[PDB]
Each structure stands twice: as C-alpha cells, then as structure tokens.
C-alpha cells in the first residue's frame with residue numbers, strides 16, 4: 195500500500211503445512227522497512243522464477 | 535532517570551518521571567500509549 199508517498203512493507207514468516215489452499219488461520223504482520231518514495235503508484239506486477 | 539523534567543520526544547511533549555518497567559515490547563514499536571490516547575512508555579534506541 196502507498197499512503198501519501200510513504201510506502202510500507204509488513205513482513206511475516208511462520209512455518210505451515212499446506213498442500214494447495216490458503217491457511218484458514220489468523221496471524222499478524224510486523225513492519226520491516228520504510229521507503230518514503232513520494233511517487234504515485236497505480237499498478238503493480240509480481241515476478242516469478 | 536527518576537526526575538520530573540520536561541520531555542521532548544518524537545511525538546510526545548510533556549512532563550513526567552522516568553521509572554522502570556517490566557513489560558516486553560515489540561521490536562518495531564518505538565513507544566507505547568494508554569487506552570484513551572496517553573503516551574506513557576517510550577523505548578530508548580541506544581539502550582534496549
């Protein structure tokens with residue numbers, strides 16, 4: 195998300211045990227860094243390997 | 535510590551006494567507040 199140019203990254207790492215679907219549980223997300231880019235972002239794209 | 539002096543923090547301007555605490559805060563949280571929006575615990579960036 196991007197609010198007033200301040201970009202935030204909320205990270206979370208936890209061990210799970212899945213096969214296909216999303217975990218139907220509950221957790222929290224802690225911030226990692228802070229990037230005051232000050233630009234407007236309208237679209238995005240996720241890269242793969 | 536243990537003085538009733540003026541406090542000029544990043545987001546808190548007041549007067550209080552720094553006392554010891556037994557809590558365990560989150561590593562990203564820099565300060566803590568009370569229920570009805572009253573900052574009562576500010577961590578130190580130098581000494582953990």
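Residue numbers (the entry's author numbering), protein chains in the order written: chain E, 195 to 243; chain K, 535 to 582. Beta carbons: idealized from backbone N, C-alpha and C, even for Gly.
{"Query": "Just list the residues that DSSP pairs residue 196 of chain E with in beta bridges.", "Result": "E:201"}
{"Query": "Is DSSP giving residue 561 of chain K helix, strand or coil here?", "Result": "coil"}
{"Query": "In whole angstroms, what is the alpha-carbon distance linking residue 227 of chain E and residue 199 of chain E?", "Result": "14 angstroms"}
{"Query": "Short of 8 angstroms in beta carbon distance, which residues of its chain neighbour residue 223 of chain E, apart from the five on each side in sequence? Order them along the chain.", "Result": "204, 205 and 206"}
{"Query": "Does the distance from the C-beta atom of residue 549 of chain K to that of residue 541 of chain K stay below 8 angstroms?", "Result": "yes"}
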